[PDB]
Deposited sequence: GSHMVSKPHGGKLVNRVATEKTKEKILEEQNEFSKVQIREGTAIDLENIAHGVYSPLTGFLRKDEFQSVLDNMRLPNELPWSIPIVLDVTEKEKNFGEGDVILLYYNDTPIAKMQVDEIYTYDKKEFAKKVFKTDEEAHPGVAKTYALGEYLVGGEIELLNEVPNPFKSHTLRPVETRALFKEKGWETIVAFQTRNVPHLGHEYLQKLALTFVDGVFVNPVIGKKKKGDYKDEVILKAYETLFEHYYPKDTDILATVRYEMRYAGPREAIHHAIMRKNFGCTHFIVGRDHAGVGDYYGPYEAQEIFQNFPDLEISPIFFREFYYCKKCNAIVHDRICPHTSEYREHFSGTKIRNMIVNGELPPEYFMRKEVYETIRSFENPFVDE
């Protein structure tokens, strides 16, 4: 079985009685405006996706994840979940109860345990292994406010979720896995439609794992990216036409990527552990500044993670062997070899090209096409 990171699955969803009280006096508490990513962090805290966390890191915890990728008690935790405010936005003090607003929506109530300062260069360097402003995460770290705020939270509202019905929470996914008699579950994280390489990895894992938990991540989109609804419906087509039934589950999680590379891959595994997964597929270049095998290399420092990473050797499609192969068993030259790249396959479709069937399933392509505009913007 998979135990929740830290021992118990966290739940911070405020009770209807607690929600009514706080919202009856919104204007008496200090209101702090948060970004959407922080609003998503809050729902991940409240539904146990971030177990054991019950709020935003305090100073001791924050410095510990920076220096060691572990909490003070040595439990693995690699991605700082913090709340920042500028001098002018700090309309509260330690010991105060504050309300975090996304736009005009009260997202959560927070008990301010501690207000502290930090070194943005140290923050940037230890998390992303670089302090170059060109790095997106470094830039977002420098834009942070001067003060971080720690303390336990309680969720009052979620950001509107067009895909609520797919957004199963850890308590539901765990009950579902057991519902299906799965003892081992392998997680596959993605932000793209499935191509044949992704199907190969998932079915490879099925030969020593009971089921696959495909977990599309809902986050900020870039122009040219597949619409989440396209990704969802594409996978539903893939399973119906190519997967045995009761061998896969599709559920979505919301999460704003930090692009901290190998340090973020550990965070990804922790999230999937809490969803109930015992294994986690780690692809190359997970989360320009990080090497392809860096995200696999870091797991050697966490033998106490209690979620088994799965590393796959390099494979490609050969147009002479007519099969997914690897260099050991294929003598064919570069023209015959087709390496899988979701980005290149995505660019074919944007450019009016048909992906060959060794890149994408016929029915998957026709589902993507069934959309007037599959991509954002």
{"item": "Stretches of the record's deposited sequence for which the structure holds no C-alpha atoms", "value": "1 to 4, 292 to 294, 385"}
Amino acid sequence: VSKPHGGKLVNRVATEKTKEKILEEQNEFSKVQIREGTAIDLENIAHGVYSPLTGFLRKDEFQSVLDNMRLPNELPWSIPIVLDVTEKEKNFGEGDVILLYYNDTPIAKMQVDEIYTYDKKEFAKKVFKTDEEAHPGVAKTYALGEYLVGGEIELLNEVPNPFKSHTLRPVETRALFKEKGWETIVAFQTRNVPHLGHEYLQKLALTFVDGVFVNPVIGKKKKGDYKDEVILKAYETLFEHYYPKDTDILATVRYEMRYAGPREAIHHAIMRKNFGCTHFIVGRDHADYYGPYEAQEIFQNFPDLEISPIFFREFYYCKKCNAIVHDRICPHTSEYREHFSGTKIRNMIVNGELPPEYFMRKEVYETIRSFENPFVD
From here on, numbers count along this sequence of modelled residues.
query: Segment of higher mean CA temperature factor, 230 to 238 or 138 to 146; finding: 138 to 146
query: Mean C-alpha B-factor comparison - 129 to 137 and 291 to 299, higher one; finding: 291 to 299
query: Member of 109, 273, 223, 191 with the greatest C-alpha B factor (per the PDB record); finding: 223
query: Given 357, 353, 16, 366, the residue at which the Cα B factor reaches its maximum; finding: 16
query: Residue 9 - which third its CA temperature factor falls in, relative to the rest of the chain; finding: middle
query: Chain-relative CA temperature factor third for residue 32; finding: highest
query: Ranked against its chain, the third holding the CA B-factor of residue 80; finding: middle
query: Ranked C-alpha temperature factor of residue 195 among modelled chain residues, by third; finding: lowest
query: Residue 312 - Cα temperature factor, lowest/middle/highest third of chain; finding: middle
